[PDB]
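# Examination of the molecular architecture
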Amino acid sequence: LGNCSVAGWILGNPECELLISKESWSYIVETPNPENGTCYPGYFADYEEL
Amino acid sequence: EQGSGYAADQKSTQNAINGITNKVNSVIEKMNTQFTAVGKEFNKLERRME
């Protein structure tokens, strides 16, 4: 996943655009403090469940 | 000269079968309470619970 959070990636954050083209994989990875996550601010509803 | 015969001792066998009854009644009475482990139900949004 690189820099973007899961909230960032599922929303297609413009910092991991390069992440678009992989649709099959094994296991997610996450930098513990992803900065370029949800670019427009707010509150992801039921973030943890997703 | 006087004869022959098989036999089965009593005291050793009696202590042994006492050991057997103690072992079976131990293994049956050394299990504690039982709980109603019914698989409960949760929504399609809350399954972190599930």
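For the structure, check the block above.
### Notes on the overall build of chain A
Of the regular secondary structure elements, chain A holds one helix and zero strands. Taking 2.2 N^0.38 as the reference for a compact globule, 50 residues should give roughly 10 Å; the C-alpha atoms of chain A span a radius of gyration of 11 Å, in line with that estimate. Referenced to the eigenvectors of the C-alpha coordinate spread, the extents of chain A come out at roughly 30 × 25 × 20 Å. Across chain A, contacts joining residues at least 24 apart in sequence account for 64% of those joining residues at least 6 apart.

### Comments concerning unusual backbone geometry
What is expected of a backbone is that most residues other than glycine have negative phi and most peptide bonds are trans. Of note, the phi angle at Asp46(A) is positive, near 50 degrees, even though the residue is not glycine. Examined against the element boundaries, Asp46(A) turns out to sit in the segment after α1 (6-10).

### Describing the state of the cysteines
All names here are of chain A. Following the criterion strictly, the structure yields one disulfide over all chains and no others. Each disulfide pairs two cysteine sulfurs, and for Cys4 the partner residue is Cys16, the sulfurs being separated by 2.0 Å. Linking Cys4 and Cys16, the disulfide has an S-S dihedral of approximately 110 degrees and is accordingly described as right-handed. Within this pair, whereas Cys4 is found in the segment before α1, its partner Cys16 is found in the segment after α1, the two being separated by twelve residues in sequence. Neither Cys4 nor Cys16 differs from the other in exposure class; each is buried. The thiol of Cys39 is unpaired, and the distance to the nearest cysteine sulfur, on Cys4, comes to 9.6 Å.

Calculation notes
- Residues numbered from 1 in each chain as written, not as in the entry; some residues may be left out.
- Chains lettered and ligands numbered in written order.
- Part of a larger assembly, values for the part shown.
- Heavy atoms only, no water.
- Residues with missing side-chain atoms left out of burial classes, pairs and counts.
- Helix = DSSP H or I, 4+ residues; strand = E, 2+ residues; numbered from the N terminus.
- Rg over C-alpha atoms; globule rule 2.2 N^0.38 Å.
- Contact = heavy atoms within 4.5 Å.
- Disulfide = S-S within 2.5 Å.
- Buried < 20%, exposed > 50% of the residue type's maximum accessible area, 1.4 Å probe, protein only.

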